[PDB]
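Each chain, written out:
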Amino acid sequence: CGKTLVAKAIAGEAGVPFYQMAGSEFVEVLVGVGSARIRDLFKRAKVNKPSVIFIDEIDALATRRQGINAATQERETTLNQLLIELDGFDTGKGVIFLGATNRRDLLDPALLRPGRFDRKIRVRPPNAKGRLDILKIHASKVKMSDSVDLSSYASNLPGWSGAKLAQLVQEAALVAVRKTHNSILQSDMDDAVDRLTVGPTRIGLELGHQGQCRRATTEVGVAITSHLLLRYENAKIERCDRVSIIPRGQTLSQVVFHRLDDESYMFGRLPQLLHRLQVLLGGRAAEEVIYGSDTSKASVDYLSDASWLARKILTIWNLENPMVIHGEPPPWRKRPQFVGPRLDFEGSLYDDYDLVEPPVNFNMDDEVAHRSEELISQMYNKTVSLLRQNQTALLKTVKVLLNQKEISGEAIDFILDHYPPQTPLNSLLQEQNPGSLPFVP
Amino acid sequence: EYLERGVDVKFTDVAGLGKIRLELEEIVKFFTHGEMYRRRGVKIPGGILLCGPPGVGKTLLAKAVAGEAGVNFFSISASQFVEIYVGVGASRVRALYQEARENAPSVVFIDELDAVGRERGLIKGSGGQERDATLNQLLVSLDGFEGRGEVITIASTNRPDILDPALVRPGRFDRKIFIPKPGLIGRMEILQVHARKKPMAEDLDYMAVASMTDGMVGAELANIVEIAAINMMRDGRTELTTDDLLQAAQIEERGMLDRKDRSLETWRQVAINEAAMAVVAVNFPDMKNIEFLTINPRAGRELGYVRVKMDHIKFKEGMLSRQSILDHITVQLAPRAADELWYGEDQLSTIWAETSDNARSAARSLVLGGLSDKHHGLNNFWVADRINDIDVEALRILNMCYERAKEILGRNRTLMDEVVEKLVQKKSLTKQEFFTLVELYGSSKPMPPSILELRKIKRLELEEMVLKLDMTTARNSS
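Structure determination for the deposited model, as stated in its record, used cryo-EM, and the stated resolution is 3.3 Å.

What follows is the structure, given as C-alpha cells:
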C-alpha cells in the first residue's frame, strides 16, 4: 500500500532528511548491538533537526510476548532502548518518528500507550478512484494505447494494493514484449489480469470427454440460475461475466462473477440470501436435470456452502422467527476467494461474528437440523423446478461452451433470449450444429 | 549504574492521590522521624507495594515519594534480571543492594515484579531456574541476614495474585497499597495538573469533561490533554474551550468520525435501529438517561449508538435486580422488534444480529446465574431431564422479552416515526431535543414501585395484622 512511499513523500514535501532502516536490520546474534544502532540512528536524527525516523516492519523488533537462544533477549533490549529514547524525547525539537507495520496484533501495547505512538493511522487499500489514480500514475511510465480503459480494470479488481497494480502494468508490458506489441493493448492487459488472478493457461492438459461435460454442466447451470434469477424475480445478486472450462492455475474450470457495491453488502435480507442460496444449488440442479439421477462430485463444494449458509440463516443471524438460544461455528472453513461464487455478501460466509455458545439442551438441536433440512430440500425443489422448465437454453449453453471452451455473459443472455421457456429440445436437436454461436461480440 | 539524577518530582506534581498520599508522607516520615520510631522500638517496614491498573503512573508516584523523601533514588527495570545466563542476575541484584546500602539513606524502585516474582514451579526451563535464583538472591538481600535498616524498597505491580507468597511475607513486603482508578475529582485534578503547562481559559469547566470520560486511567486523561492541542487549527479559534475537550473525549472513546457515501434506505435502517434502542431504553429505569443519539458510523462500528450513564455502584457490587436484566434483554431484542414491525416478518435484516445474540447470552447467564424461579435458582442438576429444562427457561424468557418489546414498540408508533425522521434529517441528537420529542408524542409509562414503597406497604400491613391479632386475643380474653 506504499506506507514507506507515504513517509518518503512526507519527507520530500517537507524538505527534511529521511532516515530509512528496516526492523529486520535491528536483529542480530550478538547482544547489545541493536540498541547501539538505535542510539546511533536517534542521535544522528537529533543532529539535523527537524528530521524523520522511519522503521519499516517495526513488528520484527516489537513482537508481543506470546504465551500461547539469546536473540529474544536482544529483541527485548532493543525494545527497551527504543521506548527509553521515545519517552525521553522532548517534543520541542521536532524529530518525528514513523513506524510502519503490517499487523497490529503482534505489536506490544506499551508502544500504543500515549507518549510513544500518539498517532495511529490506518492505510486502507485504495478504492475505485484510488486504484484509478494509481493506474494513471503507473501507466505514464509504459507506452499506452487509447483502447485501454483503466476505469473497468480499477472497478473490477477490488482490494488490490498499489504494488499489485504495479505488477499488473509490469506484466502487461512483459506480455506485450512477448507478443512483440508496440504498445499495451486491451487484450494484453486482460491477459495480465487472467495471468495474475486465476493463473496461466496450460497446454493441451485435458481430461476425458466425461470429465469436462460434468464441470461444464455445473458451471453453466450456476450461470443459468444466476441469469434467470436476475431476469425474472430481479434478485440482488451478481452478474455472470464469462464461463470457462480451460484449466488455469489449479482450477479445471471457472465461472466469473462481478463484484457488486459494498453498500448492498451490509443489510443482507432473507430473499437475497435465498436467491444466492438457489444460485449455490444451481450446479446440483444442473446435474440432476441433465444427467437425470446420476450426479457427481463436481458440485459437492456448492452443496457444502449451501448447507452452511442455511445454518447461518437459521442459527447465527436468526432470520426466521422461532427464537434460538445459541449459534454454532462452522466445522469447515473455506476462505473467500476468486471467480467462484462470491460468498462474501456479509463480509464473508465462513466467519461467525463470535455469535456462538456451547449448547446444553440437545432436543432443540435436532429441530434446528430438521428446519435446515426442510429449508434446503424446499429450496432444492424450487431451483430444480425452475431450471428444469428451461432445458433447451441449458443444453444449448452447455454445447456451445463445450465447443468454444469459453462463453461470455452476453452469449448466455443471447441463448436465453433466443430459447424461450417451454420450447421442445428437438428444436435444439434439429440444428446442424448445437455448439455454434451465430452472435458476434 | 542504577542511580538516577535530577529527581525533582514531588507530591504537588502528581494528582489523584487521596488518602494514599497520607501513606506516602508516612514513608517520608519513615525517612525523617525514624529516630523516635526506633526509640519506641519499631522496625521500619521495608516493603511497600503499589498495586493497580496500568497508566496510573506508579513510577510517577515513586519519583514523587523519592523527591519528597530527599534521598537517593534507584529505578531498575525488572526485565533486566531475567536472562539466558545464570548467576549474572544474582550478581546484578547483589551489586544493586550493595550500592543501595552504601548510598544509605536511599530508596530503591523496581517495577513490574510479575516478570521475576512468579511462583517457582510454573515453567520448566533454564529461565525458570534463573528466575528462582534471582528471587532467592533478592529475598536474602531483603530479609535473609542482618545489615539493612536504612534502605527501603518500593515496588509497582499490576497483578497481585502472581506474586510469590514468600515475597508477601511481612518484613519483606508488608505494606500493600492499592491505587484505584480515578473517580470524578481525581480525573479533574489529573486533567488540571497535566494541563497546567498549556494556556487555558477561565470559562473552562472540567466537570463535563470528567463526567463524559468515566472509568478511565490517568494516562487516558493525559491523552485527553494531548488531543487538546492538535485539532483546533482546522478552524483556527482563539482560546481552548470545553467543546473541544468534549469532542476529543468522544473521538477517543469510540474512534475518529469518518464520512462515506450512503443511500437513503441505509440511513433509514440505522435510524430505526437506534430509535428502537433509545425508545425501548427510555421507558426502563436502569437505562432511562439517554444523553446522546447518533447514527453516524465510527471506527469499527458502521452502526450508530445510544449513550446512557446508569448508576455505576450496583453494577460493580452485583446489586442489579432480576427485572433490571429482563429489561436489558428487551432492549437488545427491540432492534429486531422495530425491523419486524416496520419491514414485515419476511424481510428481516442482519443489522440487529449483534444485539439479538447479546439478549440470548444475557438470558442464558440469567437462567444459570441462580436468578430464576424454576424451583429456586438451582442452576445445576444431575439427571438429564432437568439439565435439558435448564435451557428451556432461557428461550421462554427471550420469548416473553420478545413479546414485551413488540408491545412496547407498537405502543409508540408516532414518536417512532418522528424520531426516525429527525435522526435522518440531522444525523445526530442530544438529550434535550430527543426528550422534548418524547414528551410531545410519548405514551403512558406507569412506573412500578421501588423497594421503599413495597417496604412501607408491607410494614403497614404487618402492623395492622399484628394489632388485629392483638385485639382478637384481648377482647376474646377480656
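There's plenty left to go through after this.
**Thoughts on the overall build of chain A**
For chain A, the helix and strand inventory stands at 15 helices and six strands. Against the globule reference of 22 Å for 441 residues, chain A gives a C-alpha radius of gyration of 28 Å, more extended than a compact globule. Oriented by its inertia axes, the alpha-carbon framework of chain A measures out at about 85 × 70 × 40 Å. Only carbon and sulfur atoms are counted for the fraction: they give 53% of the accessible area of chain A, which is about 22,700 Å².

**Here's the deal with the interface of chain A and chain B**
Every contact between the two is made by 37 residues of chain A and, on the other side, 40 residues of chain B. Summed over both partners, the interface of chain A with chain B comes to about 3,400 Å²; 52% of that surface belongs to carbon and sulfur atoms. By the criterion of area lost to chain B, the three top residues of chain A are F267(A), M323(A) and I325(A), representing 22% of everything that side buries. Run the count over chain A and chain B and you get two salt bridges. A salt bridge links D258(B) to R122(A), with the shortest nitrogen-to-oxygen separation between them at 3.1 Å. The tally of links from chain A across to chain B stands at twelve residue pairs in polar contact. Only α10 (270–290) and α11 (300–316) of chain A provide two or more residues apiece to the side of chain A that touches chain B. Residue composition of the side of chain A that touches chain B, by class: 18 nonpolar, eleven polar and eight charged.

**Let's talk about the side chain of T225(A)**
All names here are of chain A. Locating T225 in the fold gives a position in helix α9 (residues 209–231). There is a polar contact of 2.6 Å between the side chain of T225 and the backbone oxygen of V222. Every residue in contact with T225, bar those within four places of it in the chain, is listed here: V279, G282, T383 and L387.

**Notes on the nonpolar core**
Core analysis: the biggest nonpolar cluster contains 92 residues, and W317(A) and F434(B) have the highest contact counts within it. Apart from residues no more than four positions distant in its own chain, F434(B) is found in contact with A278(B), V279(B), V282(B), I290(B), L293(B), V419(B) and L429(B). In terms of nonpolar packing, the next biggest core, distinct from the first, is built from 31 residues, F30(B), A69(B), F109(B) and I179(B) among them.

Reading guide: rules and limits
Residues numbered from 1 in each chain as written, not as in the entry; some residues may be left out. Chains lettered and ligands numbered in written order. Part of a larger assembly, values for the part shown. Heavy atoms only, no water. Helix = DSSP H or I, 4+ residues; strand = E, 2+ residues; numbered from the N terminus. Rg over C-alpha atoms; globule rule 2.2 N^0.38 Å. Areas by Shrake-Rupley, 256 points an atom, 1.4 Å probe, with all protein chains shown as cover. Contact = heavy atoms within 4.5 Å. Buried area = accessible area lost by both parts, 1.4 Å probe. Salt bridge = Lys/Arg side-chain N within 4 Å of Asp/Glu carboxyl O. Polar contact = N/O pair within 3.5 Å; in protein donor to acceptor, adjacent residues only side chain to side chain. Nonpolar A, V, L, I, M, F, W, Y, C, P; charged D, E, K, R; others polar. Core = buried A, V, L, I, M, F, W, Y, C linked by side-chain atoms within 4.5 Å. Buried < 20%, exposed > 50% of the residue type's maximum accessible area, 1.4 Å probe, protein only.

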